[PDB]
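Fold and contact review
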There are 2 protein chains.
Amino acid sequence: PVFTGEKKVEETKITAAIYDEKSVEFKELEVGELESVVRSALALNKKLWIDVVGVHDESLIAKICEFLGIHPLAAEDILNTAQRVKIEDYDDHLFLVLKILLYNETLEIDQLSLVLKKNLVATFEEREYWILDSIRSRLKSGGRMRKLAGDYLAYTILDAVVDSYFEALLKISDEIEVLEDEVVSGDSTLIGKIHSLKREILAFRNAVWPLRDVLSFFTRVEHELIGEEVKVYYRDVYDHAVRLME
Amino acid sequence: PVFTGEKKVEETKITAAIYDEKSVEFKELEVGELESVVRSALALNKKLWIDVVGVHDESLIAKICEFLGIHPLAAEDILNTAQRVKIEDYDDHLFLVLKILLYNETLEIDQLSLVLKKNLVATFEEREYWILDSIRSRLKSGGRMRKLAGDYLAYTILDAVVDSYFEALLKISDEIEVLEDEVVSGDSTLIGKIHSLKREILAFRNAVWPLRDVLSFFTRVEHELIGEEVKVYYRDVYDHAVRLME
Ligand SMILES: [Co+2]
Ligand SMILES: [Co+2]
């Protein structure tokens, strides 16, 4: 359990929410400590979102994983802030590593680990003041949030995260437009090579971007057309594809 | 059955190969016409690779699909050269649209449809002189090519295609390096904004690139953790993700 890449200037703060159907209840006691979660937090009759807001303490989380049944191999990845975006079947929990794009003057990239077990969602954040603000607010209102399992919650987070990527992409395009300009507008209009290249990159994107998605079908879909022997081979092209854009 | 985007300067030429285990046989009669395939080509005891090398004729292929049991919806996509890279379960055949990157002076993008049914591989190419050259050569040699089903063949093609993407990516990087230079070396070294941006784009790539892959797990993997009711929601983030880079 080793941690690299300091990014908080604060100490860890666990916080958990409990919701029981459309019923107006949303009990969210911040009093999780480590012992204040393994025992007192059980009650296998309620919906729980454990929310960890500090990942510097390699001791705390290593045990927090133990106390939630989060496989070791995931736990070290939760600590490696520079992990690739992935998903893993564990198989009593789904573990995924995401990335958050923070335009704090310079673009900053934070990590957001997410864990889903049977009626249990464990998120792991670098900082706070996130986009999870409304995920609290949606748990505040008597909606489809409370009525539905952890699976729906995990979804809502992914939906919030993915929304913010349209923000970044928008800002990034302005930047290109602004740089492309002062290059071209920079009297050196003898450069229509920018757009020859621009089309080469986007042609590559369209070619290779959906590709990892295509190859992973053979890798994790039961089908009478791919024999359980040729799976080896498919996983390998998939690997080659993964590395293309790494 | 409508076709757009002319790119051949030649007429359609069907060609089929037949291989029966490690046995030194590799019967590949070009005499497929349309009637010379529906009937004579049956023999449900052999391994068949139908190889179509022209996609301009919306009449020919529409019936070629019929004669291979290739769903209509796929067949129109086989004709739409400007389709996105995709895969579909049909479910007696897998249908995928790929893209081939051809550095013929200017980068050129061709389409390569692929269809896999039970012991049957149907490819659909824009031009010839492809990378399929060795796929013939591998069928020529008494290897694991012949011994194994269509699933393995479909794989070998994907492996050849994916290999060629490392070629493009290599050439594209030179182009960037060369343009980045004559921009910077273009006396306007007052531009370290290139690398501020370069890191913003690559940070986006690392964030969003593996993402479509991550979201598609929930979409097409049977799992006791995602209920068969919340699938709707997941498919939707997936859709949002698909559009990000489209
Ligand atoms: Co390999
Ligand atoms: Co939507």
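Residues numbered from 1 in each chain as written, not as in the entry; some residues may be left out. Chains lettered and ligands numbered in written order. Heavy atoms only, no water.

A closer look at the packing of helix α8 (residues 211-220) of chain A against helix α6 (residues 150-184) of chain B
Note the threshold: Axis geometry follows a simple rule: fit a line to the C-alpha atoms, using only the stretch in contact for helices, then measure angles between N-to-C directions, giving values from 0 to 180 degrees. Secondary structure elements are taken from DSSP: a helix is a run of H or I of four residues or more, a strand is a run of E of two residues or more, and numbering for both begins at the N terminus. Our angle categories are set so that under 35 degrees counts as roughly parallel, over 145 as roughly antiparallel, 65 to 115 as roughly perpendicular, and the remainder as oblique. Crossings are assigned a handedness: left-handed for a near helix turned anticlockwise from the far helix by less than a right angle, right-handed for a clockwise turn. Residue contacts are counted whenever heavy atoms from the two residues lie within 4.5 Å of one another. Under the scheme applied here, ten amino acids are nonpolar (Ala, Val, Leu, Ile, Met, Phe, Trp, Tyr, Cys and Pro), four are charged (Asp, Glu, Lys and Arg), and all others, including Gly, are polar.
At a minimum axis separation of 13 Å, α8(A) and α6(B) run at an interaxial angle of 155°. In terms of axis orientation, α8(A) runs roughly antiparallel to α6(B). Once α8(A) is placed against α6(B), the crossing between them reads as left-handed. Between α8(A) and α6(B), the residues in contact are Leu211(A), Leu215(A) and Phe218(A) and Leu158(B), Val162(B) and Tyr165(B), respectively. Across the contact of α8(A) with α6(B), the residue classes break down as six nonpolar, no polar and no charged.

Side note on the relation of the copies chain A and chain B
Heads up, the rule is: To overlay the copies, their C-alpha atoms are matched by a least-squares fit.
Of the two same-sequence chains, chain A is brought onto chain B (RMSD 0.0 Å, axial shift 0.0 Å) by a rotation of 180°. The operation mapping one copy onto its partner corresponds to a two-fold rotation axis. Closest to the rotation axis within chain A is the C-alpha of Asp213(A), separated from it by 2.5 Å. Comparing contact sets, 100% of the residues at the interface of chain A also lie at the interface in chain B, consistent with an isologous, same-surface contact.

Concerning the domain arrangement of chain A
Residues and elements named next belong to chain A. Note the cut-off: Domain delimitation follows an automatic or database domain assignment. Buried area adds together the accessible area that both of two parts lose upon being put together, with accessible area traced by a 1.4 Å probe. For this document, the term salt bridge refers to a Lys or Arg side-chain nitrogen within 4 Å of an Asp or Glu carboxyl oxygen. In the analysis that follows, any N or O atom pair within 3.5 Å is treated as a polar contact, provided that within protein one partner can donate a hydrogen and the other can accept it, and provided that, for residues neighboring in sequence, both atoms belong to side chains.
For chain A, the assigned domains are domain 1 (1-142) and domain 2 (143-246). Computed from C-alpha atoms alone, the centre-to-centre distance between domain 1 and domain 2 is 25 Å. With 31 residues of domain 1 in contact, the opposing surface of domain 2 contributes 23 residues. Interface area, domain 1 with domain 2, both sides summed: about 2400 Å², of which 67% is carbon and sulfur. In terms of surface lost to domain 2, no three residues of domain 1 exceed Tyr103, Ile135 and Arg138, which account for 22% of the buried area on that side. Where domain 1 packs against domain 2, one counts zero salt bridges. At the junction of domain 1 with domain 2, the criterion picks out seven residue pairs in polar contact. Contributions of two or more residues to the side of domain 1 that touches domain 2 are made by β3 (47-52), β5 (93-104), β6 (106-117), β7 (120-125) and α4 (133-140). Of all the elements, β5 adds the most residues to the side of domain 1 that touches domain 2, at five residues. For the side of domain 1 that touches domain 2, the per-class residue count stands at 18 nonpolar, five polar and eight charged.

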